[PDB]
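Single-structure report; data block below.
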Amino acid sequence: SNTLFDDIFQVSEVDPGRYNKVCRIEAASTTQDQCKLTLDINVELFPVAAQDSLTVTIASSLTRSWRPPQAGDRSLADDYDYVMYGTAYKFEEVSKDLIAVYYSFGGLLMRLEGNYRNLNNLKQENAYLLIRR
Amino acid sequence: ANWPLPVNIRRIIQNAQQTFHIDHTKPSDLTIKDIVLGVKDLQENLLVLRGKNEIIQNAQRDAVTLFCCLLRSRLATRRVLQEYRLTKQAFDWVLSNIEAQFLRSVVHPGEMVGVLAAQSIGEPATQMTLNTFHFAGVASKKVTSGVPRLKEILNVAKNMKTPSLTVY
Amino acid sequence: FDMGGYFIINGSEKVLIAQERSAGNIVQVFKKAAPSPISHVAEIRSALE
Amino acid sequence: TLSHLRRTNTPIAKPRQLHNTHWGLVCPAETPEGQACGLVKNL
Amino acid sequence: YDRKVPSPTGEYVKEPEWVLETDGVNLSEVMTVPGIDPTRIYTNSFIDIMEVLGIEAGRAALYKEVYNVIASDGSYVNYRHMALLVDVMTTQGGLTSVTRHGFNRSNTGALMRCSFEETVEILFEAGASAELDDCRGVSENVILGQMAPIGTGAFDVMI
Amino acid sequence: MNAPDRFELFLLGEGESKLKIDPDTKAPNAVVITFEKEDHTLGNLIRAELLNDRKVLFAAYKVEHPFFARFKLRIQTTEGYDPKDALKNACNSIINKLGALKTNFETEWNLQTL
Amino acid sequence: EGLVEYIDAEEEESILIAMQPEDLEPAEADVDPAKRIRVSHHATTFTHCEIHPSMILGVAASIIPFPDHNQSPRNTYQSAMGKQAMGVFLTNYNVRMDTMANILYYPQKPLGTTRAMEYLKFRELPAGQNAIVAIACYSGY
Amino acid sequence: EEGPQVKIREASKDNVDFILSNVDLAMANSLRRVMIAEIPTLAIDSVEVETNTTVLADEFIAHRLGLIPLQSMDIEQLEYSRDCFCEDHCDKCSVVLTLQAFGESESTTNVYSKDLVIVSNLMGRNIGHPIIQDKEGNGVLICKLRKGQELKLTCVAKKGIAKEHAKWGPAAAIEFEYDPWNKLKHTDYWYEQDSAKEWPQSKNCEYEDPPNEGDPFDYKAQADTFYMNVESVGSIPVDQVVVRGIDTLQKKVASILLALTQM
Amino acid sequence: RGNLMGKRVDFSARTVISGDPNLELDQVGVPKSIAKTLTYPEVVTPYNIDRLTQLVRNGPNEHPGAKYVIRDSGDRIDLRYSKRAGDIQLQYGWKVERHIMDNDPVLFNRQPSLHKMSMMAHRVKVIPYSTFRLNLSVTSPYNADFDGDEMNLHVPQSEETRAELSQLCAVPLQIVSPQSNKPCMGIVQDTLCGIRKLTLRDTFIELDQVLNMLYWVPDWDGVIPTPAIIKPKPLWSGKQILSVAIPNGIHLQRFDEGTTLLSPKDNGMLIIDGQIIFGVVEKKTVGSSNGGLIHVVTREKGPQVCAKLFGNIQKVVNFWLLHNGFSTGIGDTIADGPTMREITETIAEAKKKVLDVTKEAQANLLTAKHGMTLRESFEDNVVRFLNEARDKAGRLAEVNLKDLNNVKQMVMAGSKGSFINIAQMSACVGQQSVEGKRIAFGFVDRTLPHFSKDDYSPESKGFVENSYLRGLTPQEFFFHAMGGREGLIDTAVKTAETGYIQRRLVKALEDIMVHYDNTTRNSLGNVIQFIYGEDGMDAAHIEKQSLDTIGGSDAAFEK
Amino acid sequence: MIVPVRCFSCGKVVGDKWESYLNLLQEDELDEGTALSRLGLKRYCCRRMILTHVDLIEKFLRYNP
Amino acid sequence: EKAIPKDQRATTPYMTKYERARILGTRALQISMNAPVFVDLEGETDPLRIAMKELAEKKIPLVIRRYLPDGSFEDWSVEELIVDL
Amino acid sequence: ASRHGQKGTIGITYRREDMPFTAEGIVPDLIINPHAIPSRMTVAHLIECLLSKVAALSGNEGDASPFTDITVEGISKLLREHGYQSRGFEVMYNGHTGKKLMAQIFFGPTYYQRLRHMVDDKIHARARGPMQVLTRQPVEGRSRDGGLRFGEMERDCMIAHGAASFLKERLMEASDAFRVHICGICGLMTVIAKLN
RNA sequence: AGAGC
DNA sequence: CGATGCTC
Ligand SMILES: [Mg+2]
Ligand SMILES: [Zn+2]
Ligand SMILES: [Zn+2]
Ligand SMILES: [Zn+2]
């Protein structure tokens with residue numbers, strides 16, 4: 001809107017599978033013992049070590065041709081240190097209650113498992129990923 | 001299971017899925033009658049030969065046998081609803097798309113098929129490397145292949161180099 | 001730097017290309033094909049040097 | 001020129017093939033590609 | 001040999017089997033041997049398949065052989081092309097070769113046959129029996145410098 | 001034999017004009033300038049300078065074929081800003097920088113021995 | 001003085017040849033992994049030894065740098081092309097009145113040579129130039 | 001002085017080693033290009049052969065004559081013939097040279113660029129004098145003559161730029177390096193074991209601080225410091241190769257600025 | 001054969017070919033001199049009169065000009081001579097033999113013409129220099145390279161003749177070929193190599209470069225796509241910018257080895273609405289593959305759009321790569337110290353296995369299986385051991401090649417080379433063969449006079465233990481030369497044999513065509529097939545599809 | 001066939017350097033590599049120019065006319 | 001005679017590519033030879049591009065004589081034939 | 001061509017400034033494609049280059065003789081001694097931008113040969129000209145301004161395409177075509193041509 | 001005849 | 001009675 005999903009995740013693994021700028025992160029939420037996250041992060045501009053505590057936010061707004069940031073007086077939903085824009089591609093249900101959402105950030109893949117995704121994560125070319133601390 | 005057939009059904013489905021903005025959350029507006037009787041009509045409407053007589057009627061029925069086998073396996077009630085999640089709008093469009101694409105797939109009277117067939121075999125034959133096959137390792141695998149064999153076949157060579165029986 | 005070995009015929013430089021032939025006065029035996037009534041054949045191509 | 005002056009021709013079982021006996025006598029490499037291949041040799 | 005066989009539960013399952021590979025051919029006699037599967041018996045000698053099993057079985061075995069040559073190279077050619085070639089060799093009731101002995105002897109046009117091989121002699125026997133050339137052939141129209149009944153020339157255009 | 005004269009790289013042939021301003025059809029406040037008898041020396045330099053301007057939204061150049069000198073420069077500016085003005089400032093900015101460099105080298109050169 | 005001898009393919013059949021002088025006949029009792037692998041001795045009843053195994057080659061092949069590091073048909077392809085290469089066929093080119101003559105303005109002796117080139121007078125009458133070459137994907141031209 | 005900065009490391013009659021700081025890469029490169037291609041010099045563009053009993057061909061000699069470097073100090077006070085209102089060539093647009101050589105001695109006679117004689121009226125400007133950097137003062141061996149050989153020809157030297165023909169190049173090789181520590185990550189080193197061990201260290205590493213092992217990637221950073229070595233053929237002095245390079249580029253940018261006024 | 005079936009013709013041209021990354025798929029680069037030679041007879045109509053008069057004024061030496069003006073009498077006016085050459089005032093109904101101009105359809109050809117695709121109509125593009133220039137993706141149907149090859153150009157002389165070329169023979173129409181019911185043209189060489197490199201997860205591009213790449217696509221909508229990254233700096237991924245070349249409404253799904261919708265290895269392929277979701281773009285996607293991006297694009301958007309797709313992909317990739325660079329040196333053949341040690345010993349145990357089987361054979365303990373000689377079974381074993389050795393040593397080498405290894409990079413892209421190449425260059429060349437057997441005893445009981453009699457050892461019978469990097473020994477060299485010679489003889493034989501086969505095939509089927517009753521008949525009207533290919537479908541309009549009822553378990557079918 | 005005036009790759013004048021090179025080799029008794037470096041031919045493109053030069057003109061001047 | 005009437009016509013109601021190519025060619029030849037155009041030109045000058053429009057707007061007055069292998073024929077107008085492709 | 005069965009034509013020519021460059025200011029005279037290397041397995045080409053580079057740097061002749069103990073490692077050790085990376089790789093900068101190339105280039109000298117048969121010696125074009133006496137068909141040869149062969153194989157491709165009119169045109173309008181008078185009775189070319 | 005893919 | 005296509 002505003003926000004669509006928010007949580008603080010605990011980093012399980014950090015793997016650079018034959019890459020030097022990218023790492024695939026494995027995580028689970030600190031709150032929900034069922035919620036999981038699998039995400040490719042650009043460790044060159046945002047390094048993530050093992051056992052870290054990162055705030056993952058999924059938004060939908062802060063369309064047409066892209067304009068360079070232009071410091072001027074420009075302000076977006078950024079109070080974070082890592083922002084990404086991508087598209088939703090698969091919404092598979094993993095047993096009765098549990099469901100998973102698939103996002104691609106220009107080929108940087110994201111898989112989020114849980115149940116409370118509900119009236120939020122929809123079939124959109126839109127979706128912004130915001131990570132802080 | 002994988003065989004060259006006209007009309008890529010999978011691609012038509014994917015096209016309806018994006019065009020009509022399909023959502024795996026809202027129930028479809030289809031009917032068992034809409035699906036079952038729909039695909040049955042699509043079949044009754046696939047043309048290759050347009051004659052209204054028994055011989056041609058049966059000839060036409062035969063040509064579409066394998067394509068209808070594909071059509072039914074891909075457009076069954078369960079799949080249309082559970083897999084594809086199509087609407088009546090997206091379904092009627094898929095049906096009309098197949099029919100048109102099929103008629104486009106048909107060979108045109110005039111096609112010089114003879115030269116086409118000859119060149120289609122003749123060109124890859126030119127690209128064949130070594131008369132000495134990959135079976136040259138073991139002695140009980142030595143059968144004349146490549147250009148020598150292709151020559152034995154085409155000339156209908158009465159006395160072939162490797163005459164063999166394969167007993168099951 | 002010229003090496004010679006060639007001729008000059010009507011102003012044109014000619015090379016006599018070395019010609020490969022089977023040597024004469026050699027005895028050589030050969031097996032003959034399946035239909036043939038002669039099993040093997042011994043041959044000499046007797047030439048006067 | 002040197003090469004032309006050291007050429008061989010074979011008119012007419014397996015003449016085109018590089019034979020073991022060619023060792024130190026005829027060049028294993030230098031032969032024309034196609035038709036003349038194996039019949040035109042170099043010392 | 002490896003064989004894809006349907007399992008009692010439906011799925012196709014690899015079931016390896018004993019197969020005999022032979023040097024030499026006598027199909028007629030071998031097929032009657034007890035213990036074999038006369039339904040499955042195969043020969044690379046498509047002529048033998050033709051003589052024993054018929055022209056239709058000959059055709060199948062002929063394509064099987066042409067297919068194998070293309071496939072052994074790793075190449076793929078669509079069925080219809082080889083299908084046509086095989087059918088052509090087959091339509092006359094026997095195995096018609098793709099040489100001057102097979103297709104060039106056929107009931108086709110005198111000018112269309114002399115374009116391949118036996119050029120002069122094909123035209124001589126044509127002038128002996130006093131042959132009437134249809135001119136419905138590609139080669140003859142090519143010789144005559146006329147629009148052949150090929151694609152564009154198959155139909156006529158009128159006002 | 002079919003070789004064009006080497007002067008055709010840096011010399012305008014009767015009819016050809018240096019700049020050709022074509023208004024872009026795809027985007028608003030966007031223009032396409034065709035530079036005749038010029039290359040990577042001017043194309044890159046101007047394009048890289050236009051990027052330093054905050055009111056410039058888009059700036060890209062291309063040499064469609066090596067055989068010919070002509071390059072294409074696409075400029076998209078913010079509403080109110082004429083892309084032609086952006087090109088002007090980009091050029092003036094370059095000359096000022098070049099002027100400075102000339103003097104700076106001359107000053108350094110005159111301090112040197114050998 | 002009978003230190004060297006002439007052998008034909010018929011006599012070749014009755015003799016045992018060593019490939020290298022030293023390396024093929026000294027003694028027996030670590031190595032360089034960069035160097036190629038060799039079969040040692042086993043047969044030690046030599047009657048002759050090869051003057052130099054690079055002498056198995058002739059004129060065109062003798063021009064090739066390291067043919068022993070090349071796929072065999074490339075050595076054959078090169079041999080055919082060397083004859084299409086222009087240089088200085090003779091010093092008297094300005095004096096001969098011949099049908100077609102192609103002379104390189106600045107012939108250059110190759111930086112990479114063969115010991116056999118000394119006898120083929122290649123460094124004295126070359127047929128190419130030592131071009132500074134980049135193996136690269138540049139404009140895709 | 002304002003924008004870009006210069007710092008000379010080495011300076012001779014033939015070379016200039018300098019650090020070009022506070023510049024954009026696009027500028028440093030456009031400058032490198034213009035020094036190679038767009039500075040006008042004077043070179044022989046026409047050879048009229050009267051006599052050639054030499055071992056070499058007319059056009060072979062003619063080609064070498066164009067490569068001989070000639071004084072191009074006062075090249076701006078000479079017109080491009082294409083702009084000159086004369087019929088063909090004159091003193092406002094060209095310099096005329098004569099080469100007359102005859103092998104008198106039994107021994108081999110050598111023909112040098114020192115032997116070209118200016119016949120044209122130079123009108124007091126420093127132009128067309130064959131550039132001699134040779135210890136013996138001969139400079140460039142045009143050709144060799146036998147017992148009684150002869151070479152008699154006339155050369156018309158004209159204004160031009162390397163873009164038309166490489167003979168008009170005032171510059172030889174321009175050494176050009178930036179970011180000697182690959183801190184910008186502008187290149188990805190090919191290695192077997194260790195890039196650091198396998199790649200030889202650049203001389204310009206002394207002029208920059210090492211990246212320091214325990215530091216994250218500087219993404220925002222851009223190349224602003226360039227290590228260059230402009231080498232002069234001789235036609236124009238080194239300082240001038242650079243100055244005229246800056247000037248030529250300045251002129252073509254001003255040319256475009258003026259073209260906008262014409263519309 | 002030489003005068004009726006074929007003959008020498010007018011309005012023909014021939015030269016050396018060259019590749020052009022800046023030419024369109026359906027275009028052909030024509031040297032201005034050739035364009036000036038070859039003419040088209042254009043009738044004077046009010047539609048063209050203005051252009052034609054100007055062309056007549058330009059004359060035979062300026063390019064958009066002409067030579068010859070034919071009047072209502074049939075008399076040609078030679079524009080290069082004639083006093084009235086600069087005087088001519090055109091009349092309607094008169095023909096003007098104008099020079100060949102941009103966008104004229106011409107028939108391009110490369111001999112041998114084994115295909116309908118060896119002759120394709122191209123759009124003229126009059127260019128400087130002496131070679132015919134062509135798009136790199138048109139290379140394969142022609143079976144052309146640029147090592148000295150020459151091609152033929154034919155100019156239609158009639159309005160209906162130029163219609164035939166544009167509506168039937170045109171390059172875009174030939175993309176999906178009826179031969180193998182797949183495309184016959186794809187992304188090759190630099191473009192294929194670069195596209196993999198550009199398309200990696202590590203590959204990120206910055207604004208300045210992005211905008212340049214964006215502008216390179218001519219069709220570009222002018223919309224800057226939002227970067228995949230909006231953290232400390234906007235960073236666009238390689239896949240993102242390449243997706244700009246892909247049209248909208250394009251859907252493609254694949255699945256390779258471990259492809260799992262979360263594609264850990266960046267394998268397989270997923271393209272939605274022409275946006276590449278995941279997977280590295282290589283030969284399977286962008287090549288002349290059966291289910292590829294090319295086959296799909298032609299079927300979905302059409303030939304004219306697909307032809308344009310080649311240009312757009314080429315333009316971005318070639319540009320990105322020009323600024324990235326790609327090379328190959330002796331370093332890419334060098335395998336690690338420890339790797340060589342394994343390779344060396346892998347060959348040592350192979351040499352031992354051979355000695356053991358030899359010793360067994362010699363002891364008369366070795367027993368041959370039914371159908372083969374003790375020696376036939378021995379030779380079979382030794383060769384098996386020796387091939388295993390080369391394959392094992394090669395795999396040992398390939399494994400050691402880093403992702404940065406240029407040869408590996410080319411293999412991975414599918415642009416050039418295979419396993420064998422890596423194996424033979426860096427690990428071991430392997431066993432040599434003549435007549436399918438290892439080096440024969442040319443001399444009495446020996447391969448060479450350097451060996452003793454009755455020596456069956458790998459080394460003795462042509463086993464090249466060394467790699468091309470290490471270098472071959474004189475014995476190895478000569479033996480490899482014997483293998484090579486056999487290859488060349490075979491090449492010369494195969495080229496001739498297949499030529500005669502092709503002519504026979506063509507002559508035997510010339511007259512077979514689909515009649516107006518869907519039947520396949522000859523010149524006599526004799527039926528060959530009642531329905532063409534048994535379905536009456538055109539081969540280019542067909543593709544491999546899964547029949548979902550045939551496979552799976554009984555329970556899985558039911559579910 | 002005379003030292004090329006200028007190196008093909010870079011353009012550095014090399015035509016004035018042949019006689020000097022020959023005297024460095026003969027008279028000074030120096031080796032090629034040090035001789036080339038003493039002439040100030042630093043880059044390998046300039047080195048291959050002279051080092052690889054075959055002076056066929058001397059053989060050509062031997063012909064009587 | 002021989003012929004086939006308008007009713008009982010068993011051939012394809014769709015136009016073949018070969019039919020299209022000949023149709024466009026023959027009409028382009030006519031347009032190129034100053035024959036009248038049955039469509040409103042919109043800056044069009046190319047005889048082929050015009051014929052393509054005359055086909056698009058079904059104003060090509062030509063008939064295809066489809067010969068069957070017995071010799072018999074079927075006359076189909078450009079106006080009635082379906083131009084899908 | 002190089003000395004390794006590596007034949008190729010000039011695709012384009014670039015001036016010094018558009019060419020990629022060494023930080024020393026060295027630039028190639030030639031640019032060959034990496035793709036010409038893997039399948040051809042012409043490792044000697046690569047070894048020659050490495051050796052020739054060390055040779056040009058040291059002022060000695062490179063011993064590229066066959067059966068010797070000279071190794072790539074041996075060359076490599078000497079090349080690094082000259083201050084270059086042992087495997088012939090060199091950092092290059094893009095001529096157009098000045099920016100360093102992401103990939104390093106295998107750069108060094110290599111002996112190349114200028115081969116006979118050049119474009120200008122091959123370019124042919126004919127739009128009607130001399131006709132042969134007997135056949136009344138175009139002549140055979142560039143020198144004599146001859147017609148290019150539209151052989152029977154070429155004829156086949158046009159049949160396969162279904163271009164009936166182009167085929168008629170190639171065999172008539174271009175090349176041959178002649179008007180003869182035929183008898184309605186005997187059907188022979190015996191009709192006496194008394195025109196006007 | 002001789003030569004290039 | 002066949003015997004790759006092209007070319008000076
Ligand atoms: Mg080729
Ligand atoms: Zn003047
Ligand atoms: Zn140099
Ligand atoms: Zn009569």
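The chains in the structure tokens are called A, B, ... from first to last as shown; in each chain the residues are counted from 1, and the ligands are counted from 1 in the order shown.
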Taking only C-alpha atoms (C1' of nucleotides) and all ligand atoms into account, report as a PyMOL selection string which residues have an atom no farther than 9 Å from an atom of ligand 3. (chain H and resi 172-173) or (chain J and resi 6-14+41-49) or (chain L and resi 25-27)
Using only C-alpha atoms, I'd like every residue of chain F that has an atom within 12 Å of chain G; please write them out as a CSV table (one decimal) with N, CA, C and O atoms, in the first residue's frame.
chain,number,residue,atom,x,y,z
F,63,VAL,N,26.6,4.4,-32.6
F,63,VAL,CA,27.1,4.5,-34.0
F,63,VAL,C,26.6,3.2,-34.7
F,63,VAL,O,27.1,2.1,-34.5
F,64,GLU,N,25.4,3.3,-35.3
F,64,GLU,CA,24.6,2.3,-35.9
F,64,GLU,C,25.4,1.3,-36.9
F,64,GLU,O,25.0,0.2,-37.0
F,65,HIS,N,26.5,1.8,-37.5
F,65,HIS,CA,27.4,1.1,-38.3
F,65,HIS,C,28.8,1.7,-38.4
F,65,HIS,O,28.9,2.9,-38.6
F,66,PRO,N,29.9,0.9,-38.3
F,66,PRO,CA,31.3,1.5,-38.3
F,66,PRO,C,31.7,2.2,-39.6
F,66,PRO,O,32.4,3.1,-39.6
F,67,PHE,N,31.2,1.7,-40.8
F,67,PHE,CA,31.5,2.2,-42.1
F,67,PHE,C,31.3,3.7,-42.2
F,67,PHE,O,32.0,4.3,-43.0
Contact set, chain I to chain A: 6 Å, only C-alpha atoms, as a PyMOL selection string: chain I and resi 202+223-224+226+228-231+237+240+277-278
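For ligand 2, the set of protein, DNA and RNA residues within 12 Å, based on only C-alpha atoms (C1' of nucleotides) and all ligand atoms, reads residues 78, 79, 80, 81, 82, 83, 84, 85, 86, 87, 88, 89, 90, 91, 92, 93, 94, 95, 96, 120, 156, 157, 158 and 159 of chain H.
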I need the chosen residues saved as a compact mmCIF listing (two decimals), in the first residue's frame, with N, CA and C atoms.
# COMPACT_ATOMS: atom_id res chain seq x y z
N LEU H 78 49.33 27.34 -42.15
CA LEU H 78 49.27 26.67 -43.44
C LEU H 78 47.82 26.21 -43.60
N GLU H 79 47.25 26.45 -44.80
CA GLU H 79 45.87 26.09 -45.15
C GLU H 79 45.73 24.62 -45.59
N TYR H 80 44.51 24.06 -45.50
CA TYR H 80 44.24 22.74 -46.05
C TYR H 80 44.02 23.07 -47.53
N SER H 81 44.67 22.34 -48.46
CA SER H 81 44.54 22.61 -49.90
C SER H 81 43.10 22.64 -50.37
N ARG H 82 42.24 21.78 -49.80
CA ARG H 82 40.81 21.73 -50.08
C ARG H 82 40.08 23.05 -49.77
N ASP H 83 40.66 23.89 -48.88
CA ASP H 83 40.15 25.21 -48.47
C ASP H 83 40.86 26.32 -49.23
N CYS H 84 42.05 26.02 -49.78
CA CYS H 84 42.82 27.01 -50.52
C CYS H 84 42.23 27.33 -51.88
N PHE H 85 42.17 28.62 -52.21
CA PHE H 85 41.59 29.07 -53.47
C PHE H 85 42.47 28.93 -54.71
N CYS H 86 43.61 28.24 -54.59
CA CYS H 86 44.52 28.05 -55.71
C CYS H 86 44.04 26.93 -56.62
N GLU H 87 44.74 26.73 -57.74
CA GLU H 87 44.52 25.64 -58.69
C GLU H 87 45.53 24.60 -58.21
N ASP H 88 45.04 23.55 -57.56
CA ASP H 88 45.88 22.49 -56.97
C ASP H 88 46.65 22.87 -55.68
N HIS H 89 47.91 23.29 -55.79
CA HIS H 89 48.67 23.63 -54.59
C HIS H 89 49.45 24.92 -54.76
N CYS H 90 49.88 25.51 -53.63
CA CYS H 90 50.66 26.75 -53.55
C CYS H 90 51.41 26.82 -52.22
N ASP H 91 51.94 28.01 -51.87
CA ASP H 91 52.69 28.24 -50.63
C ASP H 91 51.77 28.49 -49.44
N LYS H 92 50.50 28.86 -49.71
CA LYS H 92 49.51 29.09 -48.66
C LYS H 92 48.97 27.76 -48.13
N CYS H 93 49.14 26.67 -48.91
CA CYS H 93 48.60 25.36 -48.56
C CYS H 93 49.57 24.18 -48.59
N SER H 94 50.83 24.38 -49.05
CA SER H 94 51.79 23.27 -49.18
C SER H 94 53.28 23.64 -49.08
N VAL H 95 54.13 22.60 -48.97
CA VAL H 95 55.60 22.71 -48.92
C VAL H 95 56.14 21.73 -49.98
N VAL H 96 57.02 22.22 -50.87
CA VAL H 96 57.60 21.42 -51.96
C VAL H 96 59.06 21.02 -51.67
N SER H 120 59.94 25.22 -52.06
CA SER H 120 58.80 26.12 -51.81
C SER H 120 59.25 27.35 -50.99
N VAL H 156 55.16 17.01 -52.71
CA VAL H 156 54.28 18.07 -52.22
C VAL H 156 53.75 17.63 -50.86
N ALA H 157 54.22 18.30 -49.80
CA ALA H 157 53.83 18.03 -48.42
C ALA H 157 52.59 18.86 -48.07
N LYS H 158 51.57 18.22 -47.49
CA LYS H 158 50.29 18.85 -47.19
C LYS H 158 49.82 18.63 -45.75
N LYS H 159 48.93 19.55 -45.29
CA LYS H 159 48.29 19.54 -43.97
C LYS H 159 47.27 18.40 -43.97
DSSP says strand (DSSP E) for which residues of segment 26-261 of chain H? Put them as a ChimeraX atom specification? /H:41-52,94-102,109-112,117-118,141-145,150-160,171-178,225-232
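With only C-alpha atoms taken into account, chain J has residues 1, 2, 3, 4, 8, 9, 44, 45, 48, 49, 50, 51, 52, 53, 54, 55, 56, 57, 59, 60, 61, 62 and 63 of chain J at most 10 Å from chain G.
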How would you write, as a PyMOL selection string, the set of residues no farther than 6 Å from ligand 4 when counting only C-alpha atoms (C1' of nucleotides) and all ligand atoms? chain L and resi 183+185-186
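With only C-alpha atoms (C1' of nucleotides) and all ligand atoms counted, the chains near ligand 1 contribute these residues within 7 Å: residues 144, 145, 146, 147, 148 and 149 of chain I; 5 of chain M.
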Contacts of chain N with chain B up to 12 Å, shortest pair per row, only C-alpha atoms (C1' of nucleotides), as a Markdown table:
| residue | atom | partner | partner_atom | distance |
| --- | --- | --- | --- | --- |
| N:2 | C1' | B:155 | CA | 11.9 |
| N:4 | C1' | B:126 | CA | 9.3 |
| N:5 | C1' | B:126 | CA | 12.0 |
Would you write out those residues with C-alpha atoms (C1' of nucleotides), as a CSV table (one decimal), in the first residue's frame?
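As a result, part-v9.csv now contains:
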chain,number,residue,atom,x,y,z
N,2,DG,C1',27.1,-43.7,-62.5
N,4,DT,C1',29.9,-33.5,-54.8
N,5,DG,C1',29.0,-28.2,-56.1
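The list of residues with at least one atom within 12 Å of segment 13-18 of chain C, based on only C-alpha atoms (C1' of nucleotides) and without residues fewer than 5 positions apart in the same chain, reads residues 4, 5, 6, 7 and 8 of chain C; 1, 2, 3, 4, 5, 6, 7, 8, 9, 10, 11, 39, 40, 41, 42 and 43 of chain D; 96, 98 and 99 of chain G.
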Determine, counting only C-alpha atoms (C1' of nucleotides), which protein, DNA and RNA residues have an atom within 8 Å of an atom of segment 45-62 of chain G; residues of the same chain fewer than 5 positions away are not included. Present the result as an MDAnalysis selection string. (chainID D and resid 2:3 23:30 42:43) or (chainID G and resid 15:21 67 75:76 78:80 82:83 114 116:117 120) or (chainID I and resid 474) or (chainID L and resid 65:67)
Dump as a PyMOL selection string the residues of chain F that approach chain A to within 9 Å, counting only C-alpha atoms. chain F and resi 54-55+57-58
Exercise: residue 436 of chain I partners within 12 Å, only C-alpha atoms (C1' of nucleotides), chain neighbours under 5 positions left out, as a PyMOL selection string: (chain B and resi 130-139+142) or (chain I and resi 379-380+383+431+483+486-487)
Residues as selected, C-alpha atoms, written as a CSV table (one decimal), in the first residue's frame, can you do that?
chain,number,residue,atom,x,y,z
B,130,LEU,CA,32.9,-41.2,-40.4
B,131,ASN,CA,31.7,-44.6,-41.9
B,132,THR,CA,33.5,-46.0,-38.8
B,133,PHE,CA,30.6,-46.1,-36.2
B,134,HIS,CA,30.8,-45.6,-32.4
B,135,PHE,CA,30.0,-49.4,-32.1
B,136,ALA,CA,33.6,-50.2,-33.5
B,137,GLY,CA,34.8,-51.1,-29.9
B,138,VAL,CA,33.1,-54.5,-29.5
B,139,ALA,CA,33.2,-57.1,-32.4
B,142,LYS,CA,29.8,-54.2,-36.1
I,379,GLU,CA,41.8,-56.2,-28.7
I,380,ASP,CA,38.3,-55.3,-27.6
I,383,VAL,CA,40.8,-50.5,-26.5
I,431,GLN,CA,44.1,-44.0,-28.9
I,483,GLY,CA,44.5,-41.3,-38.0
I,486,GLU,CA,42.1,-41.6,-42.8
I,487,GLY,CA,39.9,-38.7,-41.7
Taking only chain E into account, list the residues labelled alpha helix (DSSP H) by DSSP (computed from the backbone), as JSON, numbers by chain. {"E": [27, 28, 29, 30, 46, 47, 48, 49, 50, 51, 52, 53, 55, 56, 57, 58, 59, 60, 61, 62, 63, 64, 65, 66, 67, 68, 69, 70, 71, 72, 79, 80, 81, 82, 83, 84, 85, 86, 87, 88, 89, 90, 110, 111, 112, 113, 119, 120, 121, 122, 123, 124, 125, 126, 138, 139, 140, 141, 142, 143, 144]}
